[PDB]
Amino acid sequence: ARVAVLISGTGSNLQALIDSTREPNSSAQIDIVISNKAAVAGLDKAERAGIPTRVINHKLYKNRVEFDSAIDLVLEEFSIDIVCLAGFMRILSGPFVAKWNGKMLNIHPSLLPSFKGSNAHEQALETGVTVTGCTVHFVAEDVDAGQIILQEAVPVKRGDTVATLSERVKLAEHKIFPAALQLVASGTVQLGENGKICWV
């Protein structure tokens, strides 16, 4: 299966996906990295690995639909089968999500359904949980609500901040995002006709 990874920043999840997809038994190959922001570190990581990059600046488009449309064009150009959102910080439009239904994955730094949205660690620290974690899920139109593929729990330590907790949680993100990608690329897991997760 041919994969596009979309990023907005550092790219530690991208790097973990690059490392796993180059293992001999990997059922996924990463063919293109797309950033919505110029000059971010994930673009360097992609180039060092010999993977084509594109920047598609959301700020240059009238609305979400046109922006997603420009992404979809790249996706078709590289004949992509699966899309991974890896630190990608934009909400995607309905029809784009419908088109890639069953074929687009996201990593989110909480145990969904808790702490949806773009500041999950701040919410987790404000609420005072002692266990948080991360989630890989299929992308549905409703944000951070698609079908869950894998999760991993991570302790919150007393005195944690967003810096120290996100560092601990990323260590677990870097394990389940490659595992989930391999599950979907191999056809072991798919989005079922009834809309629930199906293990084959």
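Each residue number is its position in the shown sequence, starting from 1.
Compare the mean C-alpha B-factor of 186-194 with that of 8-16 as given in the PDB entry, and name the stretch with the higher value.
The stretch with the larger average C-alpha B-factor is 186-194.
Going by the average Cα B-factor in the PDB entry, point out whether 43-51 or 164-172 comes out higher.
According to the PDB entry, the answer is 43-51.
Kindly indicate the residue among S26, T132, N63, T135 with the greatest C-alpha B-factor in the PDB record.
The listed residue with the largest C-alpha B-factor is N63.
Ranked by Cα temperature factor within the chain, is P95 in the lowest third, the middle third or the highest third?
Highest third.
Could you look up the Cα B-factor of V143 in the entry and say which third of the chain it sits in: lowest, middle or highest?
Its C-alpha B-factor belongs to the highest third of this chain's values.
Please say which third, lowest, middle or highest, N106 falls into when its CA temperature factor is compared across its chain.
It falls in the bottom third of the chain.
Pull the Cα B-factor of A124 out of the PDB entry and bin it into the chain's lowest, middle or highest third.
Lowest third of the chain for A124's C-alpha B-factor.
If you rank every modelled residue in this chain by C-alpha B factor, which third holds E152: lowest, middle or highest?
For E152, the deposited C-alpha B-factor lands in the lowest third.
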